[PDB]
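Trainee: Chains as they are written, first to last, in the entry's author numbering: chain AH, 1 to 129; chain AL, 1 to 123; chain AQ, 3 to 82; chain AD, 1 to 205; chain AE, 9 to 158. Heads up, the beta-carbon is just placed ideally off N, CA and C, and yes, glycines get one too.
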Amino acid sequence: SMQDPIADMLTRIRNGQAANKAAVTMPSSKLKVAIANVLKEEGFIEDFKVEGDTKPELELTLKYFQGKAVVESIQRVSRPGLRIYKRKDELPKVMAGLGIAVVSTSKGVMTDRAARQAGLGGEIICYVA
Amino acid sequence: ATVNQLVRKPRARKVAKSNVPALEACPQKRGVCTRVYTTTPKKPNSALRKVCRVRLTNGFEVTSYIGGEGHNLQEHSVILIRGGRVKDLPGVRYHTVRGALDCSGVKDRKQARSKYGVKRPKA
Amino acid sequence: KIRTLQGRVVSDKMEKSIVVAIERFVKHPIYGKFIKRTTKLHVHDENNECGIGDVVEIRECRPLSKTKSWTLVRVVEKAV
Amino acid sequence: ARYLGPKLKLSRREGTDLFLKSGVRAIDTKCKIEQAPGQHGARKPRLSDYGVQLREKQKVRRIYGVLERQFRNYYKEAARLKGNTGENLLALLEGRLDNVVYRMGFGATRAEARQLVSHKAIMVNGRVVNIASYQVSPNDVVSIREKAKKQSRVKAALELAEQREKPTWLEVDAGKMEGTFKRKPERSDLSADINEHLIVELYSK
Amino acid sequence: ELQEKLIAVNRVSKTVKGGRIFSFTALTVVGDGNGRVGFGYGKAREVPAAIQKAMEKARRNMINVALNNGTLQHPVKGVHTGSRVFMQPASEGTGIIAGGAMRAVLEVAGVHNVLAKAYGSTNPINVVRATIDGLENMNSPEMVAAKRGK
RNA sequence: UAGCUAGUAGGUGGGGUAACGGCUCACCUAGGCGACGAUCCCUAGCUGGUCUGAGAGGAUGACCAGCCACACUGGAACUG
RNA sequence: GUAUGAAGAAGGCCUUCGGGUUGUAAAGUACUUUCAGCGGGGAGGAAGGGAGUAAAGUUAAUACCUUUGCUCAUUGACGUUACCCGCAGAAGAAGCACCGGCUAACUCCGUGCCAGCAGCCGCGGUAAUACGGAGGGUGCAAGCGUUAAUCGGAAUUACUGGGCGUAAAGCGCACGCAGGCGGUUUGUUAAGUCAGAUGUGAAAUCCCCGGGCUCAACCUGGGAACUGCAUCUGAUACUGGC
RNA sequence: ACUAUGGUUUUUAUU
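Here's what the structure looks like:
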């Protein structure tokens with residue numbers, strides 16, 4: 001039924017762009033919120049809210065430009081049944097310096113830019129540009 | 001396919017077999033030769049062509065094509081059989097060599113002599 | 003350090019031995035994906051204090067039985 | 001391998017002048033340049049279109065007397081240090097010992113120069129070399145053995161070199177018959193009779 | 009500057025009872041040999057008119073290729089109908105290599121340092137629309153440095 | 001080919017070994033394996049390499065390095 | 001072999017009959033021995049041993065057993081040898097496969113669905129570039145071909161990277177014994193994972209760069225490839241267990 | 001109400 005906390009997150013950020021919907025909702029989790037903060041810091045969303053106590057709900061404010069969406073390249077490039085891990089020296093390059101990979105480190109969710117800044121490896125969880 | 005499939009065994013592929021197993025991984029082998037027969041062509045062609053029945057060094061018995069002009073072939077005198085098919089001959093995967101063993105010789109050529117097996121004049 | 007493993011006891015009625023279940027992660031060396039595998043170890047025990055389902059710590063030292071070198075060290079939480 | 005046959009038939013079937021069968025004893029070279037070969041080479045091409053880069057490859061092979069498999073080696077060494085396969089290829093062919101001996105003028109043709117090399121008459125750094133494909137180095141000295149220096153074959157070729165094009169990348173003295181090869185051949189003084197746009201997809205069919 | 013190229017020709021196998029018809033369909037590309045490309049397809053009577061009927065379209069759909077130091081920024085994928093493509097930057101002369109139906113598209117843009125390959129249920133006149141879809145998907149420096157916010 | 005054990009499985013007491021174990025010889029019991037393919041069969045020396053390919057992958061382990069097994073066919077014992 | 005040689009010969013082949021071509025090729029004439037044949041000389045692999053001569057050895061420093069320089073005079077299977085110097089003379093040295101298209105090279109005569117040709121599509125009934133004959137071309141070259149064994153092309157085995165309404169494959173339809181997958185709070189475990197120290201994917205070798213014998217094979221001085229990897233002292237953020 | 005059939009096969013390259 002529900003096996004992974006972000007398998008329903010990437011589709012809800014990619015979809016609704018042709019109707020240019022300024023918002024989207026989903027069920028909330030520790031990893032979804034930790035990703036929403038870096039997607040705001042990298043300018044891919046304009047705001048995120050959490051609402052609830054025992055089964056909380058997450059609302060994301062989506063970002064647009066003149067006649068276009070802004071998040072035009074978003075993929076996992078990994079699957080929950082067959083995950084992807086990298087060493088501190090081997091974190092993946094995206095659009096030869098024009099994109100970023102997202103890593104789950106032993107100090108939380110960050111870009112490969114910031115994991116290499118600290119000298120850490122981890123699990124690769126998203127590719128954005 | 002799932003992540004739990006296609007592992008621990010490499011799965012099936014095609015094989016050559018070989019299609020000419022009576023040669024035992026050689027291009028050619030000799031055999032005794034017992035009979036010669038006249039065969040029908042395919043509908044686009046008008047002819048009547050010759051094939052020979054040959055038992056090899058290994059006891060396997062094959063039908064081979066006779067290319068070029070004419071034959072005087074004999075019983076148990078031996079000929080050399082080569083791997084290579086002419087689909088216009090019925091039930092045949094094999095070819096005869098003329099320049100080899102007791103086979104029916106050929107004469108008078110300027111171009112192509114490494115086939116038929118033809119010596120050039122000097123005197 | 004000598005190599006050690008942990009597992010739950012599954013049989014104990016023997017006077018000088020116990021049987022322990024081991025569940026550890028293993029992959030295909032060039033096709034990846036770590037999966038858990040269930041195996042059973044025969045362990046030497048002359049103290050005879052362990053209970054069934056309780057977690058024990060065991061090690062491989064020298065032969066004591068037919069193709070078997072594993073022996074008992076300690077309990078981890080001593081659950082009854 | 002080597003051709004061994006009627007030499008002017010090469011310049012005719014390549015539509016290119018190889019300095020074969022001409023010299024100081026012929027008028028207007030008498031080598032029928034731009035007259036078409038045979039009776040089918042006299043007719044319009046049918047353009048496969050692969051045939052036009054095969055025409056241009058044969059031309060640059062035939063000028064320097066190079067075999068196909070050996071030209072597939074020059075096309076591989078030319079690509080080094082991003083040197084351009086349409087430019088460094090000519091600097092390697094122009095740097096051959098059997099072309100450098102022809103440019104120094106100890107023979108009238110690259111074929112006469114190749115026969116002086118293969119017959120052990122040529123030296124480099126004072127040492128004998130029989131390899132016509134030998135790649136000549138900067139600031140290195142080329143010389144000729146006294147048994148060939150005794151012959152009119154080599155002095156008639158130096159008297160022909162005074163009425164010919166002098167290259168900038170090497171120097172030579174006709175009294176001792178000794179030459180210094182100075183620096184790599186470059187685009188500014190090396191002149192090629194081929195379209196560089198036809199040598200861009202070679203051996204990739 | 010100008011570069012025009014012919015990739016392949018096809019004849020309609022119909023026999024119009026007078027004989028085999030003289031109706032031909034051509035596959036072409038047009039560019040400048042420096043950084044532009046467009047894709048041509050058209051059907052006419054005899055090849056000398058079918059080439060013009062195909063280049064008609066290549067001149068009407070020509071675009072500039074986003075290059076960074078004379079090659080592509082990143083490996084990129086293209087799609088059209090049953091055809092897939094994968095295109096990646098390489099080095100001087102190490103893009104060609106590639107076969108005639110990729111070679112033509114790359115040489116009218118003047119590049120020899122980009123590799124391309126078609127995959128899936130390929131069709132000779134659709135692979136070029138997938139090759140160009142990968143160049144419509146190829147990232148350009150038009151928005152990347154104006155979107156991190158603020 | 002989906003079934004297999006009964007020195008097999010858990011205890012007792014001895015023998016033997018450079019040393020260790022059902023290695024091996026005698027009694028008290030009824031336990032112990034099997035699908036990462038046991039049972040029963042069919043083949044095969046292994047690696048660096050080498051042939052091929054962009055590499056992954058495939059073939060071959062014989063020509064240069066280095067291990068291993070064997071002595072017509074199969075045994076048994078001594079010397080060190 | 002090289003250069004010269006033109007009623008562009010004698011002889012062939014094609015011949016929009018208008019003329020072309022084999023072809024500077026040959027003969028004629030001049031020039032030179034790489035290599036091969038026969039002749040004369042001749043390098044290194046050769047240390048130790050022998051003789052001279054020295055010694056703060058250990059005792060007795062010219063025994064014996066040891067120690068370190070400098071000289072003389074030598075040990076060669078390979079070898080009828082590397083390498084060098086001679087002698088007559090172009091002399092002793094060229095084939096075979098391919099030319100319908102894909103895939104490099106074009107035509108005529110003869111044969112006329114016959115006889116042969118044989119990757120596949122095909123070629124054969126009146127100019128057949130596909131057969132027999134022949135001239136002219138082409139890729140190789142003292143080698144040339146025809147077939148065979150294995151890989152690539154092969155996504156037709158899908159790790160890179162596949163497919164399942166039908167065109168081929170979703171169990172005919174069910175329960176759930178082994179297996180898998182599965183919120184939240186706070187601890188715990190050290191298999192998977194990680195850090196600090198240490199070792200490391202050897203030599204030869206593809207790939208890339210310099211030497212030793214001419215390039216170089218071969219041997220060698222450095223790189224790169226080898227998408228790899230072992231032992232401890234410790235960590236519990238993350239997965240799987242409890 | 002009231003029927004069975006007929007083997008085999010073809011036509012240019014070119015700007």
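Taking 9 Å as the threshold (beta carbon to beta carbon), is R8/AL in contact with chain AQ?
Mentor: Chain AQ, which has a Cβ nearer than 9 Å to the Cβ of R8/AL, makes this yes.
Trainee: Contact between the segment 46-58 of chain AE and the segment 75-82 of chain AE: three or more CB pairs below 8 Å?
Mentor: No, the segment 46-58 of chain AE does not touch the segment 75-82 of chain AE.
Trainee: Using a Cβ cut-off of 9 Å, which residues of the segment 52-83 of chain AH contact any Cβ in chain AE, in chain order?
Mentor: Hits within the stretch, in order: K63, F65, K68, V70, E72, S73.
Trainee: Count the other CB atoms within 10 Å of the CB of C33/AL; is the residue buried (16 or more) or exposed (fewer)?
Mentor: When all chains shown are included, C33/AL counts as buried.
Trainee: Pick out the complete alpha helix (DSSP H) segments inside the segment 8-50 of chain AH, 4 residues or longer, and give them in chain order.
Mentor: Counting only runs of 4 or more, we get 10-14, 30-41.
Trainee: Can you give me the start and stop residues for the alpha helix (DSSP H) that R61/AD sits inside?
Mentor: Segment 51-63, the alpha helix (DSSP H) holding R61/AD.
Trainee: Locate the beta strand (DSSP E) running through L43/AQ, then write down its first and last residues.
Mentor: From DSSP, the beta strand (DSSP E) with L43/AQ extends over 34-46.
Trainee: Residues of chain AE with a CB under 8 Å from the CB of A129/AH: which are they?
Mentor: Neighbours of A129/AH on chain AE, chain order: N147, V152.
Trainee: With a threshold of 16 other CB atoms inside 10 Å of the CB of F106/AD, please say whether the residue is buried or exposed.
Mentor: By the neighbour-count rule (16 or more Cβ atoms within 10 Å), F106/AD is buried.
Trainee: Between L114/AE, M151/AE, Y127/AE, which lies nearest to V38/AE when the distance is taken from Cα to Cα?
Mentor: Out of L114/AE, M151/AE, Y127/AE, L114/AE has the C-alpha closest to the C-alpha of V38/AE.
Trainee: Which residues, taken in chain order from the segment 86-120 of chain AH, show a beta carbon closer than 7 Å to some beta carbon of chain AE?
Mentor: Cβ contacts with chain AE: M95, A96, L98.
Trainee: Grouping DSSP H, G and I as helix and E and B as strand, with all else coil, what is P31/AQ?
Mentor: Coil.
Trainee: Taking C-beta pairs closer than 8 Å, name the residues in chain AD that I140/AE reaches, listed in chain order.
Mentor: Those within 8 Å of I140/AE in chain AD number zero; the least Cβ separation is about 21 Å.
Trainee: Per DSSP, which residues does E62/AQ bridge with? Please list them.
Mentor: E62/AQ pairs with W72/AQ.
Trainee: Taking only beta-carbon positions, decide if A16/AE is within less than 9 Å of chain AD.
Mentor: So, not an interface residue.
Trainee: What residues in its chain sit with their C-beta under 7 Å from that of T41/AQ, if we drop five residues either side in the sequence?
Mentor: The residues are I24.
Trainee: Using the Cα positions of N121/AE and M95/AE, report the straight-line distance between them to the nearest angstrom.
Mentor: Approximately 11 Å between the Cα atoms of the pair.
Trainee: Alpha carbon to alpha carbon, how far is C26/AL from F181/AD?
Mentor: Going from the Cα of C26/AL to the Cα of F181/AD covers about 56 Å.
Trainee: In the DSSP assignment, the beta strand (DSSP E) including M95/AE goes from what residue to what residue?
Mentor: Where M95/AE is concerned, the enclosing beta strand (DSSP E) stretches over 91-97.
Trainee: Is the beta carbon of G179/AD sitting closer than 9 Å to the one on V154/AD?
Mentor: Not closer than 9 Å, so no.
Trainee: If contact means a Cβ-Cβ distance below 7 Å, which residues of the segment 76-98 of chain AE contact chain AH?
Mentor: Cβ contacts with chain AH: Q81, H82.
Trainee: DSSP three-state label for residue 155/AH, please.
Mentor: Summary: the structure shown does not reach residue 155/AH, with chain AH confined to residues 1 through 129, and so no result is reported for it.
Trainee: Whose C-beta lies closer than 7 Å to the C-beta of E77/AD among residues of the same chain, with five residues either side of it excluded?
Mentor: Excluding residues within five positions, the ones whose Cβ falls inside 7 Å are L92.
Trainee: Report the start-end ranges of each beta strand (DSSP E) in the segment 81-122 of chain AL that is 3 residues or longer and not cut off at the edges.
Mentor: Counting whole runs of 3 or more residues, the segment 81-122 of chain AL contains the beta strand (DSSP E) stretches 94-96.
Trainee: What does DSSP give as the partner residue(s) for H88/AE in the beta ladder?
Mentor: Bridge partners of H88/AE: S91/AE.
Trainee: Can you tell me whether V20/AE is helix, strand or coil according to DSSP?
Mentor: Three-state result, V20/AE: coil.
Trainee: Compute the distance between the beta-carbons of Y116/AL and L89/AL, then report whether it is under 9 Å.
Mentor: No; because the gap between Cβ atoms is not below 9 Å, this pair is not in contact.
Trainee: So with CB distances below 9 Å, who are the chain AE contacts of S204/AD?
Mentor: Residues of chain AE passing the Cβ test: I104, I105, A106, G107, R111.
Trainee: Tell me the DSSP secondary structure of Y65/AL in three-state form.
Mentor: Reduced to three states, the DSSP call for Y65/AL is strand.
Trainee: Does any residue of chain AD have a CB that is nearer than 9 Å to the CB of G27/AE?
Mentor: By this cut-off, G27/AE is not an interface position.
Trainee: I'd like to confirm the pairing. Which residues does DSSP put opposite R96/AD in its beta bridges?
Mentor: Paired residue(s): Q135/AD.
Trainee: Have a look at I32/AQ, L7/AQ, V75/AQ, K70/AQ and flag the residue whose alpha-carbon is nearest the alpha-carbon of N50/AQ.
Mentor: Nearest option by C-alpha distance: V75/AQ.
Trainee: Inspect the beta-carbon positions of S28/AH and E57/AH and report whether they are closer than 9 Å.
Mentor: Closer than 9 Å, so yes.
Trainee: Which same chain residues, not among the five before or five after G41/AE, have their C-beta less than 7 Å away from its C-beta?
Mentor: If we look at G41/AE and ignore the five residues flanking it on each side, its Cβ neighbours are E9, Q11, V116, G118.
Trainee: On the DSSP letters alone, give me the boundaries of the beta strand (DSSP E) that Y127/AE sits inside.
Mentor: Segment 122-128, the beta strand (DSSP E) holding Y127/AE.
Trainee: Give the DSSP-derived three-state secondary structure of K61/AE in the structure shown.
Mentor: In the structure shown, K61/AE sits in a helix (DSSP, three-state: H, G or I).
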